[PDB]
């Protein structure tokens, strides 16, 4: 249950928080990147697809599977205006 999210960075950013990463497990056993908060009115909220508990697979060209929090944050912030997110939905 992989879905694609194409978004446009608003002024306040992409409008979501992440947790997770190798050395920073969000779920015991899981090194994956996870969305923990969708900020009201932000890019992500207005698009409506992204959801808390979503796992980030890729952002643009940068795969996010088995990486450090800080690598994920860096890649998520190295983004232009146009953002492609590849996500997996829970369970």
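Residue numbers count along the first chain shown, from 1.
Once the C-alpha B-factors are averaged per stretch, 14-22 and 76-84 rank with 76-84 first. Sorting the modelled residues of the chain by their CA temperature factor places residue 35 in the lowest third. Split the chain's modelled residues into thirds by C-alpha temperature factor. Residue 27 is in the middle one. When the CA B factors of the chain's modelled residues are split into thirds, the value for residue 42 lands in the middle one. Among all modelled residues in its chain, residue 57 ranks in the middle third by Cα B-factor.
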